[PDB]
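Beneath this line is the structure, given in structure tokens, with notes to follow.
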Amino acid sequence: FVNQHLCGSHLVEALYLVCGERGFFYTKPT
Amino acid sequence: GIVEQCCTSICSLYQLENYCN
Ligand SMILES: [Zn+2]
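Chains Y and V supply the protein sequences, listed in that same order.
Each residue of the first sequence is one higher than the last, beginning at 25 in UniProt numbering.
Each residue of the second sequence is one higher than the last, beginning at 90 in UniProt numbering.
Structure (structure tokens):
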């Protein structure tokens, strides 16, 4: 898997890919 | 959250998985 800095839209695309069927949660910025 | 870990820093797929349901 990429050993990269996943930010913005790339972050959620990674998570979609990584969570699959189960889905994920994206939270509000600190 | 996710940003600090994976954006600001970098993540392990394993760390990204803490963000699944
Ligand atoms: Zn981009």
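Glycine is no exception: its CB is placed at the ideal position from the N, C-alpha and C atoms.
Give the single residue among the options whose Cα lies nearest to the Cα of residue i.
i, options, result
"V:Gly90", "Y:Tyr40, Y:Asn27, Y:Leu35, Y:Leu41", "Y:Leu35"
Return helix, strand or coil for residue i, following the three-state DSSP convention.
i, result
"V:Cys96", "helix"
"Y:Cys43", "helix"
Given that a residue counts as buried once 16 or more other Cβ atoms are within 10 Å of its Cβ, and exposed if not, what is residue i?
i, result
"V:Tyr108", "buried"
"Y:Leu30", "buried"
Distance cutoff 8 Å, beta carbons only. Does residue i sit that close to anything in chain C?
i, result
"Y:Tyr50", "The structure shown contains no chain C; its protein chains are Y and V."
Environment of ligand 1 in chain order, Cβ to heavy atom below 7 Å: Y:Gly32, Y:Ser33, Y:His34
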